[PDB]
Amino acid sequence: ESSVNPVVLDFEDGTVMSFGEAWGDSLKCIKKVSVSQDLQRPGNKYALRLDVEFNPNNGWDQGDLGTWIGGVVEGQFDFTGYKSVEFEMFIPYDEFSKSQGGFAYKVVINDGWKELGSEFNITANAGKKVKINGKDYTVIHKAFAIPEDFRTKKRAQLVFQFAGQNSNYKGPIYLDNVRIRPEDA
């Protein structure tokens, strides 16, 4: 089987789907990675919970979270015919709204540290606000292109970098619906 089937890391098997440190001691601001039912709702039972603690004196309080597309560590994945990577992030709105500063993220195919996209200065007023299980969440949703030069066999590590920007936020950030897609961005 050589396909261009969508690769959908939605945590719906109730595992972390190979998410963890991108390299030794890389998690840093991310104090725990777990599979969580906190956002359990019709059609969507599990998400990846990242317990973070940012320091408000640190302008770039980074941590790096990786997964292996295919689960095989130091495996290659053939990105031929894949054109975008999509994801959603959820941050509890009331707690995040009380925090100072903001946070940034990068989405990277880590074969030569190739950034697909990034955003900075995320606060509770970014994206959209959605109520889940009694609680409002700030929701970030983006699709970034896989550039044509990377649509080939590459080291199969997808990395999410998170960085506190003079933030004092201490709480979960949830990741869900990470898709490596044949569709364009």
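All residue numbers are counted from 1 along the displayed sequence.
Mean C-alpha B-factor is higher over 71 to 79 than over the other stretch, the pair under comparison being 102 to 110 and 71 to 79. For the segment pair 115 to 123 and 62 to 70, the entry gives 62 to 70 the higher mean B-factor, averaged over Cα atoms. Between the residues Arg49, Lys45, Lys135, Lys31, it is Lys135 that shows the highest Cα B-factor in the PDB record. The entry lists a Cα temperature factor for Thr152 that places it in the highest third of the chain's modelled residues. The PDB entry assigns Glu21 a C-alpha temperature factor belonging to the middle third of its chain's modelled residues. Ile180: CA B factor lies in the lowest third for its chain, per the PDB record. Residue-level temperature factors show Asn57 in the highest third of its chain, judged at the C-alpha atom. For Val35, the recorded CA B-factor ranks within the middle third of the chain. Only modelled residues enter the ranking.
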